[PDB]
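Read through the structure below, which is laid out as structure tokens, and then see the notes.
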Amino acid sequence: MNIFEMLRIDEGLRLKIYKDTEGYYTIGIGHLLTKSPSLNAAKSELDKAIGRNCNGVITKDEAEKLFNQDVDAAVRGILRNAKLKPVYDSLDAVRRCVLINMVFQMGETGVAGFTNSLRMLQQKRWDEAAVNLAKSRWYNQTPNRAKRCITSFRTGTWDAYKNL
């Protein structure tokens, strides 16, 4: 299992603009287009991102391209963030995947906000961190995904996704 397959399980693939769990305009593999309520705003963003007139629809190839960019950008973001980098650096391969997943879903700033949890992960207090992370809007809003991530930080294995 790798970060790409893991994200693909959590996000799914959609080749037409769609609304995410929060109601925002998205395409492909969880690529947020705009937080704007306008489908038009969304189509514009889309064409700008792809480099063609897409008319709200992309190909598999285009989706996978956006995906490669977003994962790359999530990683680089962690590495540049002063709160995130040290945690990432302290973690094993599986757990690092979990932080990338979180970053991809909620942005650098958002994960950087989980101060107590980050500290616990740094200290390798697995179970305590699992309990802390569950006390969040994140967990109450997308519980199955948050539990997968949380289980992964907990055990340091891919079991939660070996199901799926």
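Heads up: the sequence shown begins at 1 in PDB author numbering, then just goes up one per residue. For each residue, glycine too, the CB sits at the ideal point set by N, CA and C.
>> In the DSSP assignment, the alpha helix (DSSP H) including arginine 76 goes from what residue to what residue?
In response: 60 to 80
>> Let's test the definition: count the other Cβ atoms within 10 Å of the Cβ of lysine 135 and tell me whether it reaches 16, buried, or not, exposed.
In response: exposed
> Between the stretch 67 to 87 and the stretch 99 to 110, do three or more beta carbon pairs fall short of 8 Å?
Replying inline: yes
>> Starting from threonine 142, trace the alpha helix (DSSP H) in both directions and tell me its first and last residue.
In response: No alpha helix (DSSP H) contains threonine 142, which DSSP labels as neither H nor E.
> Can you name the residues that DSSP bridges to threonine 26?
Replying inline: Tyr18 and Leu32
> Which residue's Cα is closest to the Cα of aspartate 127: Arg137, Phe153, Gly51 and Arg80?
Replying inline: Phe153
> Between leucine 133 and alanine 63, which are expected to be in contact by the criterion C-beta below 8 Å, what is the C-beta distance as a whole number of angstroms?
Replying inline: Contact flag wrong, Cβ pair sits at about 29 Å.
> Which residues share a DSSP beta bridge with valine 103?
Replying inline: In the DSSP output, where bridge partners are listed per residue, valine 103 has none listed.
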